[PDB]
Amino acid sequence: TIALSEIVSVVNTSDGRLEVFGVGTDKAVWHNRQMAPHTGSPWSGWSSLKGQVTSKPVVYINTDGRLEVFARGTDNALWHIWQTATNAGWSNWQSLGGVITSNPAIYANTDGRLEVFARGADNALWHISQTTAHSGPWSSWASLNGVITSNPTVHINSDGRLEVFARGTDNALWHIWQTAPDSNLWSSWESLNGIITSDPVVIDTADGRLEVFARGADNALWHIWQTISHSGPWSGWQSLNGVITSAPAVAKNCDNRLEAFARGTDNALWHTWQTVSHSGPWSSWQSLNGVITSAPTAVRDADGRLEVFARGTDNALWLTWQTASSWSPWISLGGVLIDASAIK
């Protein structure tokens, strides 16, 4: 078991527009797009990419600007679908094979090859990559071993090395990393201790450090971080308090101040943020209202403003964004979304 997942995958397109991806009642992937690269842009309305999926669908942008979506299929293999040219039409769904037991997780190597991570049937971490920059065909699968109990998350260190985080068998945060950029050589798994009750979330700070956020045993928001740029060792676990009922989401303001979001016990959206600068201390928690039925999803738009998505009481996706004064009122983007997360 883990805290309630995010309901969509969001990305900033090559032309600065937000685009969201989720799963409908029919089990198809659906997406909604800003028309314009500005806060409060009108949206396309939902449109189907078809397929039948049994995980959260996860969008990542290739280094040539083409979006690509990954999802577990009905046969448990990894499936994907991609734009044929940047912000143009999409391929058919195509299988990358294997058998997976988590949502896929994706990052670009420094050489432009996408690399995908997901839990296997043996509960270990497996991975597969593009054989050349932003293109098929793909390598064969291999395992990075471990035994994990949450969806994995990947990021890149400030020196190019990929690094994966997941909950272990003891409910601690564990991790593993490339020993060189683009490499097929990885470290051993290592533990960062704690006890966590959500999927870990990872982000890179302005100063080139991986920082991880997760829900603890007391249902407060905890985090932990690399102490120096791309370098071990890590800090201790520190709490950011609150009581939260969903997974957390994290984004950088336009000044690189980190801001965390989560569903509270009153089932409203709550957030806490670094004050002053990106090395500053965190605010106390404060409410953005709404009643919501998924973890929030946060992203920075092309006006440098944070925008947050969450499923509503009507199962539609709803949206609120930063203004000069405070935040916008909640507005509805329609649709009816389900949580297809492979691990719940």
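The first residue of the sequence shown is number 1, and the count goes up from there. Just so we're on the same page, rigid core means the largest C-alpha set that superposes within 1.5 Å between forms.
Would you mind working out which of 155-163 and 85-93 sits farther from this form in 9 other deposited structures of this protein by RMS C-alpha distance, with the rigid core as the fit?
Looking at 155-163 and 85-93 in 9 other deposited structures of this protein, the bigger mover is 85-93.
Quick check on the record: does 168-176 or 124-132 carry the larger mean Cα temperature factor?
It is 168-176.
Mean Cα B-factor comparison, 133-141 or 228-236, giving the higher one as deposited
Taking the mean B-factor of the alpha carbons in each, 228-236 is higher.
From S95, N103, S187, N184, pick the one with the largest CA B-factor in the entry?
Of the candidates given, the C-alpha B-factor peaks at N184.
Highest recorded Cα temperature factor - choice among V99, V116, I195, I81
The listed residue with the largest C-alpha B-factor is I195.
Would the CA B-factor of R215 place it in the lowest, middle or highest third of its chain?
Highest third, going by the recorded CA B-factors of the chain.
Determine, from the deposited record, the chain-internal third of the Cα B-factor for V202: lowest, middle or highest.
It belongs to the lowest third of the chain when residues are ordered by C-alpha B-factor.
For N253, return the chain-relative third of its C-alpha B-factor as stated in the PDB record: lowest, middle or highest.
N253: CA B-factor falls in the middle third of its chain.
Sort the modelled residues of this chain by their C-alpha B factor and say whether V147 lands in the lowest, middle or highest third.
Within its chain, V147 is a middle-third residue by C-alpha B-factor, going by the deposited values.
Should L306 be placed in the lowest, middle or highest third of its chain by the C-alpha B factor in the entry?
Answer is middle: the recorded C-alpha B-factor places it there.
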